[PDB]
């Protein structure tokens, strides 16, 4: 077996386990399942930058899709904004992830706002972006699970299933489900945030 093939079973077994982490996973999965009722798989993507937060999120998204929409032929979409020179270990992880989950990647380059705008013009049906955001400052503590982008931003629905997860929660989840993550976290990196 592999983690991707086994996601739907193992992820929902954890969510049904009653552990502290199980309750976090169940909460995330409820947000994602709600997302799947609101948005088609052409309308929905995961904001993916190779970090541990969106790695956990992608695994949750795949697991929910396998459970609620196994016959839908559409592939899972990720959105990646390239805002910095290539970092070889991170690029390899992105390519590896694309292969593992058979992803359709929507990519643009430049600043977040300009690149999101370009991506919107190229993919006008895209409505919603699953985000790995956690509650780490006053702004993120103010977010709802479904939070439209702020004024002055390309208009998307941000969906935030991990708001209540801790740093420890993210690592416990990835380790307990044997989910591959970017090798940079083994080489002294604590965050890949901007």
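Residue numbers count along the first chain shown, from 1.
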If you average the CA temperature factors as listed in the entry, which stretch comes out higher, 165-173 or 55-63?
165-173
When mean C-alpha B-factors in the record are compared for 129-137 and 22-30, the larger belongs to 22-30
Please pick out which of 47, 152, 148, 50 has the largest Cα B-factor as recorded in the entry.
152
In terms of the CA temperature factor given in the entry, to which third of its chain does residue 76 belong: lowest, middle or highest?
middle
